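Student: Got a sequence here, can you build the structure:
(one chain, ligands or ions: 2)
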Amino acid sequence: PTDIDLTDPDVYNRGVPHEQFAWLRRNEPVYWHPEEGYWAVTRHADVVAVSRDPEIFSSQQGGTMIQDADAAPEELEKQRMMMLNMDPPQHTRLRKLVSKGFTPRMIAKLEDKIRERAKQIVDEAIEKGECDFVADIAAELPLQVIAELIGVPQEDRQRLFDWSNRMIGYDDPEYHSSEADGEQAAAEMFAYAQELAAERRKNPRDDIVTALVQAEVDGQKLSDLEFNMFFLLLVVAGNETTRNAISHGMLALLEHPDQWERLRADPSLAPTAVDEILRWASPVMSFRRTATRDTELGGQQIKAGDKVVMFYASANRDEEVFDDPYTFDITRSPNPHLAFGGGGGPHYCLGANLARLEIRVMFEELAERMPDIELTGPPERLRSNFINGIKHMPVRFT
Ligand code: HEM
Ligand SMILES: CC[C@H](CC[C@@H](C)[C@H]1CC[C@H]2[C@@H]3CC=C4C[C@@H](O)CC[C@]4(C)[C@H]3CC[C@]12C)C(C)C
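Tutor: Numbers count the residues shown, from 1 in each chain. Ligands and ions are numbered 1, 2, ... in the order given. For reference, the structure is listed below:
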């Protein structure tokens, strides 16, 4: 087709450009886009290869955002204490410090409380009748859960939601008002997080803030900025990913009504349904790396300093991996999708167990309760070159 600029948010205004991805996978799977420029990596195996080699494909050298913020090097330095933008050994140490609360056994203990919240959220949405599926359901469950898990009082959860909207929504006019919105949001959140850390140091609780201030690995503890940036990461990741998998998942189930019928008849399909909802929605569309040295990928020569972009949404339609990839099949198995990153990468989603649980519980509850969910208008996409997000989705229940 054309040589679309896949770092341009407007390219995604009418949905994920899956035909361009499909053409690239078949014809130019490792493709240099000129513009200085970037390599588009669109095949499943190549995204896996890039992800599992941080020595060659660095997250630190040029950060992980896909658009050229090169001549503003102050924004790279403002984000370099983000765990996402660290290479080993720095990243290894930080990941060990923060990982304890997200092991499967730690996440498994949350299922009953998550289920209680999802049941109440769905109940209140059903009584409301007409509502926004995002604000009242898809956003509300992960927001309540992430507040309770972190240790933020439920009364303050709306501040968490507004902050993270301002931090990721820098390309959407509704979510942000000026170029310093996210920086100011970060300053406010850092002040809030430090208050919480101070309280839990004096008086520990069973929450993630207490786990973080108490954590100690190899004689190391979290510094103030390390704590602040992980607190931020948890809040934003918790509020800007799961809700989009839920929104796009509900949309796909309504757009493929036979699949929704079968989930409501057999709720034991929910685990595989979650993975197909993640493959389908690919809420995190892409992440960037930078080649630390000359190297070859898919028979293509990548130089030191070259920007390399992994497109997870393209990999999640790779015909070599998924049979009939444009079919939404909630029983698809196996389903080695890359929605959480390439398998084998050191940055593979720390919250993957929590995300799956939240999505599974929510759609179970939406299924067990069997209201007739129906769209009353077109969903409004988030303007972004990074998130595949739904801002609003008006629906009617029963
Ligand atoms: C719900 C859908 C989610 C998706 C699709 C998603 C996607 C991703 C992706 C693609 C990465 C980077 C992988 C890589 O670079 O190799 C990542 C990293 C990460 N995610 Fe998730 N995520 C989700 C939910 C969550 C949640 C709920 C949390 C925590 C509350 C979370 C916490 C993190 C953290 C801390 C990292 C950085 C790990 C590191 O750098 O070592 N994520 N996520
Ligand atoms: C939903 C995806 C999820 C998390 C990715 C987040 C944590 C990345 C995305 C956008 C970044 C911000 C951009 C601009 C600035 C301004 C700066 O002054 C302070 C740092 C800050 C807020 C950056 C803070 C970090 C942000 C939110 C998954 C994939 C981990």
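Student: Let me see the contact set for the residue sitting nearest the centre point of the chain.
Tutor: Nearest to the geometric centre of the chain sits residue 241, at 3.6 Å (CA atoms, centre = their mean). Shown in contact with residue 241 (CB atoms under 8 Å, 6 or more residues apart in numbering): 283, 284, 351, 355, 387. C-beta coordinates here come from the backbone N, C-alpha and C atoms, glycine included.
Student: ok, the first one to ligand 2 distance?
Tutor: Using CB to the nearest ligand atom, to the nearest Å, residue 283 is found at 7 Å from ligand 2.
Student: Contact residues of the stretch 101-250 of the chain facing ligand 1?
Tutor: 146, 233, 234, 237, 238, 241, 242, 245 (CB under 6 Å from any ligand atom).
Student: what number of residues lie near whatever residue of the stretch 251-398 of the chain ends up closest to ligand 1?
Tutor: When scored by CB to the nearest ligand atom, the stretch 251-398 of the chain has residue 351 as its residue closest to ligand 1, at 2.3 Å. Counted with other CB atoms under 10 Å, the neighbours of residue 351 add up to 21.
Student: so it touches residue 102, yeah?
Tutor: Yes. Counting by CB atoms under 8 Å, residue 351 does reach residue 102; the two are 6.2 Å apart.
Student: In the stretch 51-200 of the chain, what residue spans correspond to strands?
Tutor: Per DSSP state E, counting those that start in this stretch, the stretch 51-200 of the chain carries strands over the ranges 57-58, 130-132.
Student: Can you tell me the strand partners of the shortest one and which way each runs?
Tutor: With DSSP bridges as the test, strand 57-58 is paired with strand 286-291 (antiparallel).
Student: what comes into contact with the strand it pairs with?
Tutor: 6, 38, 50, 56-59, 61-66, 302-313, 341, 385-386.
Student: Check whether that strand comes into contact with ligand 2.
Tutor: No. Using CB under 6 Å from any ligand atom, strand 286-291 never reaches ligand 2; the gap is at least 7.2 Å.
Student: Going C-terminal from that strand, what's the next secondary structure element?
Tutor: Per DSSP states H and E, the first helix or strand lying C-terminal to strand 286-291 is strand 295-297.
Student: what does the chain put close to ligand 2?
Tutor: Going by CB under 6 Å from any ligand atom, the residues of the chain near ligand 2 are 78-79, 82, 84, 167-168, 182-183, 186, 232-233, 236-237, 240-241, 284, 387.
Student: 8 Å instead, please
Tutor: Taking CB under 8 Å from any ligand atom, the part of the chain that reaches ligand 2 is made up of 65, 75, 78-79, 82, 84, 164, 167-168, 170, 180, 182-183, 185-187, 229, 232-233, 236-237, 239-241, 283-284, 287, 349, 386-387.
Student: Kindly write the PyMOL command that selects the buried subset of those.
Tutor: Listed next is the PyMOL selection for buried residues among these, using 16 or more other CB atoms under 10 Å:
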select buried, resi 65+79+82+84+164+167+168+170+182+185+186+229+232+233+236+237+239+240+241+283+284+287+349+386+387
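Student: Which ones among the residues of the chain next to ligand 2 lie within helices?
Tutor: Per DSSP state H, helices hold the following members of these: 75, 78, 164, 167-168, 182-183, 185-187, 229, 232-233, 236-237, 239.
Student: quick one on the thing from earlier: what's the most distant pair in the contacts of residue 241?
Tutor: The span of the contacts of residue 241, defined through CB to CB, is set by 351 and 387 at 15.4 Å.
Student: Might you report the residue contacts of the closest residue to ligand 2 within the stretch 51-200 of the chain?
Tutor: Nearest residue of the stretch 51-200 of the chain to ligand 2, counting by CB to the nearest ligand atom: residue 183, 3.4 Å away. By CB under 8 Å, 6+ apart, residue 183 lies in contact with residue 78.
Student: Please repeat the previous calculation with a cut-off of 7 Å.
Tutor: Counting by CB atoms under 7 Å, 6 or more residues apart in numbering, residue 183 makes contact with nothing.
Student: So it versus residue 173, what's the distance?
Tutor: 18 Å (CB to CB, to the nearest Å).
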